[PDB]
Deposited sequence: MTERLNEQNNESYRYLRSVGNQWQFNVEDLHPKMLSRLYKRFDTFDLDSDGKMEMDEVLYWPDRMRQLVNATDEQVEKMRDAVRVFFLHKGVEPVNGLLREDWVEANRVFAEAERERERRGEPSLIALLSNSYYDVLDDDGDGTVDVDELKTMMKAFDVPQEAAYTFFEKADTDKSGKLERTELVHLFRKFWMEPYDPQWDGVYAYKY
C-alpha cells in the first residue's frame, strides 16, 4: 500500500488538498534495480548522476545541481530515503507521481521533470556553447545505459530543426517520456 506516510507524491497531493486515489512499466523498474533485488534505492538511483559526471565536462556546482534534482525526482517517484521503493509499489508510485505533476501544473508550480531536465541540460552541454547537440545526447544515453538511439529522441525534440536542443525542447523530451 502507498499513502501519505510512505510516499512523497501522496504527501504532496494531500498537503494541497488533492484527494486523488490509486485504484514496460516494470521493465523500467528492472532497469533501475541495479542489483535486481527488486527494491529501488536512493544509492542506486544516485548512481546515474555519478555515471554522467564521469563522462563530462562539468563543474562541481553543475554536477551537484544534477545530483540534487535526481534525488528530488526519485523521492517523489516513490523511492523513500531509507526504505526505498519495492517492485510491488512501483506501478502506483508512478501513477501518483503523474497526478502530482498535473497538480503542480495546475498550481503554476515547477515540474520535477523540468527540474531534472534543466539540471541535466547544464551537465550535458559542456563545451559551454550553451546548447545540447546530438553527440551530447549520445553521452546521456550511455550514462543511463545506447548512444545511437539518441538520434531518435533528438529528431523528436528539435521542432525548429536548429540542430541543437535548447532548454525548452529538452524539457519536452523528458516530460513526454514519463506519461507519454
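S.K.: If I number the deposited sequence starting at 1, which residue ranges have no C-alpha coordinates at all?
M.R.: Unmodelled stretches, in sequence order: 1-3, 27-36, 159, 195-208.
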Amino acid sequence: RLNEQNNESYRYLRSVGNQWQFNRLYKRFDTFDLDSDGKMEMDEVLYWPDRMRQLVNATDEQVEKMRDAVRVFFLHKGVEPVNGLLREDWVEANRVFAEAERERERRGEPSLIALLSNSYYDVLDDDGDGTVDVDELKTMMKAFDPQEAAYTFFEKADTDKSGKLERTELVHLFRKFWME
From here on, numbers count along this sequence of modelled residues.
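S.K.: Please compare 7-15 with 154-162 and say which has the higher mean C-alpha temperature factor in the record.
M.R.: It is 154-162.
S.K.: Do the CA atoms of 121-129 or those of 60-68 have the higher mean B-factor in the entry?
M.R.: Per the PDB entry, the higher value belongs to 121-129.
S.K.: Check where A100 lands among this chain's C-alpha B-factors and tell me if it's the lowest, middle or highest third.
M.R.: Tercile = lowest for this residue's CA B-factor.
S.K.: For the chain shown, is the CA B-factor of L85 in the lowest, middle or highest third of its modelled residues?
M.R.: As the PDB entry reports it, the C-alpha B-factor of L85 lands in the middle third of its chain.
S.K.: Ranking every modelled residue in this chain by its Cα temperature factor as given in the entry, which third contains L115?
M.R.: Its C-alpha B-factor, which the entry lists for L115, ranks in the lowest third among residues of this chain.
S.K.: Place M52 in the lowest, middle or highest third of its chain's C-alpha B-factors, as listed in the PDB entry.
M.R.: Ranked within chain, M52 CA B lands in the lowest tercile.
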